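In structure tokens, one chain follows: the form deposited in one PDB entry.
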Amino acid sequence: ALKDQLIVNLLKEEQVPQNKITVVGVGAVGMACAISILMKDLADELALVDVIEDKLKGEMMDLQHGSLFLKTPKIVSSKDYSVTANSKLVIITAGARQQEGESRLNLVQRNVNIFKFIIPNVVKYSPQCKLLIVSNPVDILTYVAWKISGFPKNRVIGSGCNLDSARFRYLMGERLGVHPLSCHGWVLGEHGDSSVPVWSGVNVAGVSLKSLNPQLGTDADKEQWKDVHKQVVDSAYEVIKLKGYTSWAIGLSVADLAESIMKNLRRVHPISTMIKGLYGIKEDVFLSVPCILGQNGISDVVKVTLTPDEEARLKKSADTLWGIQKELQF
């Protein structure tokens, strides 16, 4: 053979991936996560899983054909979860998505039923994995993945408000003529209608915008900064109305979280975690709060000092999510 004429093999050794990532679901979101992760050089192996065989193989081959321009030497796919073996991170993007005028909370029964199959199959082959939930309603589905997997809470993360906060900062950036990287602001709670803009923490270079305009974020605000939070809430629906779905922003948001996990960065992100014991919440509610994210998932939670109005809005978001959690049939 030409291979043996050209190359002398010196080592037999069984190859075990060291920084493997799995993406479950090859819809627009799953593929946006995959291309973003590949272009950020976060993985030494990428596995794709779906139930539609042709689409799955087609997507895998299309990524494989770009290998010369990448630094991820193995891209694989299968409907069989054995392909995901030894993942450090498993990203779940499978399930139904909301129609215009439909709440993400309406996807709950359909997506729980799918998670009942996916979750046990994913965890089986990857003892060192963190579970990163993207599927909606993300907060509820992070709780569901946590309950089905039996994993400790640090290992089950929802993409949550990482995207809502990126959108908030983009919009704040546009109003101020500043890059979103230098515009600070947190959108917490449900990744959905009940999200909470933390006006008290909105700042540029440590300068609180609320301290310059005490009415910031209220109906009495002359500049109507509340409209920025409304644009954040409505963003998925606006994009869905225009292009049919959303993909790029969520893909970049998920790759941002994959980077903190894979590189053990210990950066702070507003992502879905269990909040029992904070802000008077006595139940096993998952929602976004600022979390320290690294190689073991969420190791620490930042205790945000909220005003009584912000805390009441966060509790209202938690009560909404808890109500849906009470509807779950395991």
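When you see a residue number, it is the position in the sequence shown, counting from 1. Rigid core: the largest C-alpha set superposing within 1.5 Å between the two forms.
Between 11-19 and 307-315, it is 11-19 that carries the larger average Cα temperature factor according to the deposited entry.
For the pair 168-176 and 246-254, the record assigns the higher mean C-alpha temperature factor to 168-176. Residue set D62, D50, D44, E283: peak C-alpha B-factor at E283 (per PDB entry). Among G189, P197, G95, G201, the highest C-alpha B-factor recorded in the PDB entry belongs to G201.
Among the modelled residues of its chain, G277 has a C-alpha B-factor that falls in the highest third, as given in the PDB entry. Remark: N106 belongs to the lowest third of its chain, ranked by C-alpha B-factor as recorded. Sorting the modelled residues of the chain by their CA temperature factor places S87 in the lowest third. When the modelled residues of the chain are ordered by their C-alpha B factor, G206 lands in the highest third. Per-chain ranking of the deposited C-alpha B factor places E259 in the lowest third.
Below, we turn to the form deposited in another entry, even though it does not appear here.
Large C-alpha shift between the shown form and the other one, rigid core held fixed: of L107, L216, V232, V202, this applies to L107 alone, with a displacement of 2 Å or more.
With the core held fixed between the shown form and the other one, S182 has its Cα displaced by under 2 Å. Superposition of the core reveals a Cα shift of 2 Å or more for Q98 between the shown form and the other one.
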